[PDB]
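The chain below stands alone, shown as structure tokens; this is the form deposited in one PDB entry.
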């Protein structure tokens, strides 16, 4: 049974710096993508997925173009106080449309001075 694991329950960054949010999966099946969101409800802001792109501030920390890769950590650049919140790494399964299969437990991000 797949596990989506965010090792950091909390991240603390200075404003103007990058923030790294960690996520790893224990399996690459079932078939479907990992995406990052801020928030968990229907108002959640899509933060990252692998499709190019429209994510000028968010970037993959690993070699996610490789089949073997089970890490889906990301770096968010030029952190501002508006970026503070709870970020989730979520696994989907393919369909018309795709469905949410499993979520990480959350990483609370805070911006310090």
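Only residues modelled in both forms are compared. In this text, the rigid core denotes the largest set of C-alpha atoms whose superposition between the two forms falls within 1.5 Å. Positions refer to the first chain, counted from 1.
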| item | value |
| --- | --- |
| 60-68 versus 77-85 - greater average Cα B-factor per the deposited record | 77-85 |
| Which of 21-29 and 95-103 has higher mean CA B factor, as the PDB entry lists it | 95-103 |
| B-factor third for the C-alpha atom of residue 34 within its chain | lowest |
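Keep in mind the form deposited in another entry is missing from the figure; the text below concerns it.
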item	value
Rigid core superposed: residue 81 CA moves 2 Å or more between this form and the one not shown	no
Threshold 2 Å Cα movement between this form and the one not shown at residue 60, rigid core reference	no
Consecutive-residue runs (3+) with Cα displacement of 2 Å or more between this form and the one not shown, core aligned	51-53, 63-68
